[PDB]
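*Asks:* so I pulled this structure from the PDB, and the sequence comes with it:
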There are 4 protein chains.
Amino acid sequence: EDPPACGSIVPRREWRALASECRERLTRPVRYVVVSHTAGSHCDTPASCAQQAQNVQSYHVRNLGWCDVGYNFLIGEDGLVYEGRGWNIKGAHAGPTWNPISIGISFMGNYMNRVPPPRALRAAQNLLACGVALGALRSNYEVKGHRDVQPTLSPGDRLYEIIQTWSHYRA
Amino acid sequence: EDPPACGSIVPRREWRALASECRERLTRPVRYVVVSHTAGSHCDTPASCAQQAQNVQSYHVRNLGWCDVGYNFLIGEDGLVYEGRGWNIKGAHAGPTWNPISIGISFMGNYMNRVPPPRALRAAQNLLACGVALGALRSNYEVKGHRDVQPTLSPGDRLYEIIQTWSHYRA
Amino acid sequence: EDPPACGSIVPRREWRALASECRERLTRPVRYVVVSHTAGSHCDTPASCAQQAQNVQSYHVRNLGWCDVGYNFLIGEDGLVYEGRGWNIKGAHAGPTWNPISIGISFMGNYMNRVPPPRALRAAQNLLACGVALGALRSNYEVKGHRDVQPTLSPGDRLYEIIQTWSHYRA
Amino acid sequence: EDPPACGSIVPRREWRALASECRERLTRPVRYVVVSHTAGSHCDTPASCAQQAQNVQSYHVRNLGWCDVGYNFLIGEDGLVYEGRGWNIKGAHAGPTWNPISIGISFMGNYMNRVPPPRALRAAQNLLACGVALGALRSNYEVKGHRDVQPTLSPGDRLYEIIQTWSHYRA
Ligand SMILES: CCCCCCCCCCCCCCCCCC(=O)O
């Protein structure tokens, strides 16, 4: 409840995910959200994004031998969320301490030198309130930048700068 | 016991490192070597590299609350090697899979667009040879890029292209 | 040209096993390994363990109606691995979710209040390393207690405790 | 991912070996393997074959004044490999020509009028492949029977005929 919805996420089958092999569960309501980037190419259409989400997965599963793409959800510059490991499965995105207690969402692109467009930002915002509404995320969830829990440049200077201002951001 | 056997590393205390509190050990002889870059700025004097080593440790220890700098050794463009957690102590540089069974060496800089100078490449090779000589690494140890084991651009394209040519490189 | 190498196993006919009727194949390479005990009488002679294997197979096939012994491999305290369904055929040891995606090995005996002697531990670990060598296991494979994937005391408190220390264990 | 040793060798300490005193290093990769019998009592349980290694070692050490058991490894009718001098400590099993250029393995019992069990033979073949894998034995290695290289009836007639069928055997 409320039955109304969450909605507007591209399902795995629809971007043609390879089947996941992951079996580890997050405990809902999940306290933490970690915001990463692909550091990769971005994509501004559902056709390229679905392909991009695909490439990201191919890296993690094929090259790295992982169970599935590492993130719970991915965000496109086309303004749409891509189902990754989803609300219920532990991602592989922020280390053995943050993985079991957070949702990892990754913007598809390199935001060291670019700001992700407004619609990508809206998509992430709506995805998170989506999560609250479902009970997947605590009403007072905390948003962390990837670099805050792991040594890395992601989510990129520009993007890290933007999230730092979000309501649910925590030092 | 007679002096003839490798060495010349800038010791922790010399670069002024904070006391490590990491207790977790590796098992010699170690099979795997993971090459990373700091992804931040670079330095080309013992002056600046000692300082920079300090910065990287500060971030991992002060910001991330880690027991020590995540790397086992750092490589400066001054051509010197900076003692991180060293041969014996499990670091935090490539995930719960690679960390207990590798030695993480990080070049201080960003090699997406730039190559480390010869003296930096020699410092790192020579270090490895020294690790073999000591029985800290296997005689047939394997080198991998960060990006071969974790999803990241590290250790930067240019540097990645070089480690790939190494005698001990195995993707 | 044979398949190399790897490890030593007591064949089906050597422990006088009934012919298997199982046909459903596992998809190589397998990501998971599940460790159980049989909660059966234990054994410490080659002869006494071949006998126990027959008893366990006998229970599975005659009373449970399975196509063969449920386990892929069994372990005796005699230090020997007994071949069950083997690397290629799906076992019945861990519920319909895990059976299609795992290798189940089972230590013959009850491990609530006993330890398996070091030789059984060695065989089990070598069996696994050799599953990897063959490409029947993945290199980044993961071992799980039976109790981690089903509500059961299996593989016994003592032995569960033991297998938590393994390189490859993921809860 | 993962330690430690192939061929599931019973370590010297587990059979209660008196401490070794040998020091002559063997020059791996070793070209020859030499197969013998002990001409001693045989044994069929890991307990009786511990005792028997012990009995052989004691003869060599206490009686013959040797630094350690003559054999690099011993093979039991229990089906296990008993560590003697190992891969790098040059053995005393085949005399001044063969000791420095072969690895010597001995089956525990007399094999003039009987054969060792299939598991005993499996364990040796395993052991050998575990040797090549370690770069202890060279890939293209030759196997000789004790008699091919020394005036003795060892390894026993029945055991001799079997090893002549080994892919790697050379008269
Ligand atoms: C292929 C997976 C490697 C796992 C090695 C564990 C089992 C021991 C070896 C059996 C197959 C690979 C041989 C190399 C093992 C060397 C380990 C060591 O020296 O400590």
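*Replies:* Happy to help now that I have it. Numbering: from 1, shown residues only, chains lettered A, B, ... in the order given.
*Asks:* spatially central residue for chain A, please.
*Replies:* The residue at the geometric middle of chain A, judged as the C-alpha nearest the mean C-alpha position with Cα atoms, centre = their mean, is residue A:105 (1.4 Å).
*Asks:* now that residue: how far from residue D:85?
*Replies:* Here the distance between residue A:105 and residue D:85 works out to 59 Å (Cβ to Cβ, to the nearest Å). In this view, the C-beta of every residue, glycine as well, is placed from N, C-alpha and C.
*Asks:* give me the neighbour count for the residue of chain A at minimum distance from chain D.
*Replies:* In chain A, the residue that lies nearest chain D is residue A:65 (11.3 Å; Cβ to the nearest Cβ). Taking other Cβ atoms under 10 Å in any protein chain shown as the criterion, the count of residues near residue A:65 is 15.
*Asks:* interface residues of chain A facing chain C?
*Replies:* For chain A, the residues in contact with chain C under the definition Cβ under 8 Å from any Cβ of the partner chain are A:21, A:23-24, A:65-67.
*Asks:* all helices for chain A, in order.
*Replies:* Residue ranges of the helices in chain A, as given by DSSP state H, are A:12-15, A:46-58, A:95-98, A:118-133, A:146-149, A:157-163.
*Asks:* quick check: buried residues in the longest one?
*Replies:* Neighbour counts using 16 or more other Cβ atoms under 10 Å in any protein chain shown place A:120-121, A:123-124, A:126-128, A:130-133 of helix A:118-133 among the buried residues.
*Asks:* which helices and strands does it pack with?
*Replies:* Counting contacts by 3 or more Cβ pairs under 8 Å, 6 or more residues apart in numbering or on different chains; DSSP states H and E, helix A:118-133 is packed against strand A:30-37, strand A:73-75, strand A:81-83, strand A:102-107, strand A:137-145.
*Asks:* what about chain B: which of the residues of chain A next to chain C touch it?
*Replies:* Okay, of the residues of chain A next to chain C, nothing touches chain B (Cβ under 8 Å from any Cβ).
*Asks:* which of the residues you listed sits closest to residue B:35?
*Replies:* When those are compared for distance to residue B:35 (Cβ to Cβ), residue A:65 comes out closest, at 19.0 Å.
*Asks:* state the distance from that closest one to residue A:59.
*Replies:* When Cβ to Cβ is applied, the distance between residue A:65 and residue A:59 equals 11 Å.
*Asks:* for residue A:93, same thing?
*Replies:* Noted for residue A:93: a distance of 13 Å to residue A:59, by Cβ to Cβ.
*Asks:* for the helices of chain A, could you give me CSV that also reports distance to residue C:35?
*Replies:* Output for these, formatted as CSV (distance: least, Cβ to Cβ, whole Å):
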stretch, distance to residue C:35
helix A:12-15, 31
helix A:46-58, 30
helix A:95-98, 21
helix A:118-133, 35
helix A:146-149, 32
helix A:157-163, 42
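*Asks:* got a PyMOL select line for the buried ones in the residues of chain A next to chain C?
*Replies:* Buried members of the residues of chain A next to chain C, identified by 16+ other Cβ under 10 Å, are gathered into one PyMOL selection as follows:
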select buried, chain A and resi 23+24+66+67
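*Asks:* before we move on, back to that, JSON lines please, covering the buried residues of helix A:118-133 and showing distance to residue D:163.
*Replies:* As requested, those are arranged in JSON lines below (distance: Cβ to Cβ, whole Å):
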{"residue": "A:120", "distance to residue D:163": "70"}
{"residue": "A:121", "distance to residue D:163": "73"}
{"residue": "A:123", "distance to residue D:163": "70"}
{"residue": "A:124", "distance to residue D:163": "69"}
{"residue": "A:126", "distance to residue D:163": "73"}
{"residue": "A:127", "distance to residue D:163": "68"}
{"residue": "A:128", "distance to residue D:163": "70"}
{"residue": "A:130", "distance to residue D:163": "70"}
{"residue": "A:131", "distance to residue D:163": "67"}
{"residue": "A:132", "distance to residue D:163": "72"}
{"residue": "A:133", "distance to residue D:163": "73"}
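*Asks:* tell me the one of these nearest residue A:28?
*Replies:* When the buried residues of helix A:118-133 are compared against residue A:28 (criterion: Cβ to Cβ), the nearest one is residue A:131, at 9.0 Å.
*Asks:* what sits against the residue nearest to the closest one when sequence neighbours are not counted?
*Replies:* Ranked by Cβ to Cβ, 6 or more residues apart in numbering or on different chains and with sequence neighbours excluded, the top spatial neighbour of residue A:131 is residue A:137, at 3.8 Å. In this structure, residue A:137 makes contact with A:28-31, A:33, A:103, A:128, A:131, judged by Cβ atoms under 8 Å, 6 or more residues apart in numbering or on different chains.
*Asks:* among these, who's most crowded?
*Replies:* Using other Cβ under 10 Å as the neighbour definition, those reach their maximum at residue A:103, which records 30 neighbours.
*Asks:* in chain A, which residue sits closest to the ligand?
*Replies:* Taking Cβ to the nearest ligand atom as the measure, chain A has residue A:65 as its residue closest to the ligand, at 13.6 Å.
*Asks:* give me the phi and psi for that residue.
*Replies:* When quoted as degrees, to the nearest 10, the phi and psi of residue A:65 stand at phi 70, psi 20.
*Asks:* ok, it touching residue C:140?
*Replies:* Yes. In terms of Cβ atoms under 8 Å, residue A:65 counts as a neighbour of residue C:140; the distance is 4.7 Å.
*Asks:* ok, the residue of chain A found nearest chain B - contacts?
*Replies:* Distances from chain A to chain B, computed as Cβ to the nearest Cβ, single out residue A:96 as the nearest residue at 4.5 Å. Contacts were defined as Cβ under 8 Å, 6+ apart; by that measure residue A:96 touches B:95-96.
*Asks:* on that earlier part again, now render the helices of chain A as JSON lines, adding distance to the ligand.
*Replies:* JSON lines is the format used below for the helices of chain A (distance: least, Cβ to the nearest ligand atom, whole Å):
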{"stretch": "helix A:12-15", "distance to the ligand": "32"}
{"stretch": "helix A:46-58", "distance to the ligand": "25"}
{"stretch": "helix A:95-98", "distance to the ligand": "22"}
{"stretch": "helix A:118-133", "distance to the ligand": "40"}
{"stretch": "helix A:146-149", "distance to the ligand": "32"}
{"stretch": "helix A:157-163", "distance to the ligand": "40"}
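*Asks:* surely residue A:14 and residue A:49 touch.
*Replies:* No. Between residue A:14 and residue A:49 there is no contact, the gap being 10.9 Å when judged by Cβ under 8 Å.
*Asks:* the more surrounded of those two?
*Replies:* Shown here are residue A:14 and residue A:49; by other Cβ under 10 Å, residue A:49 has more neighbours (24 against 13).
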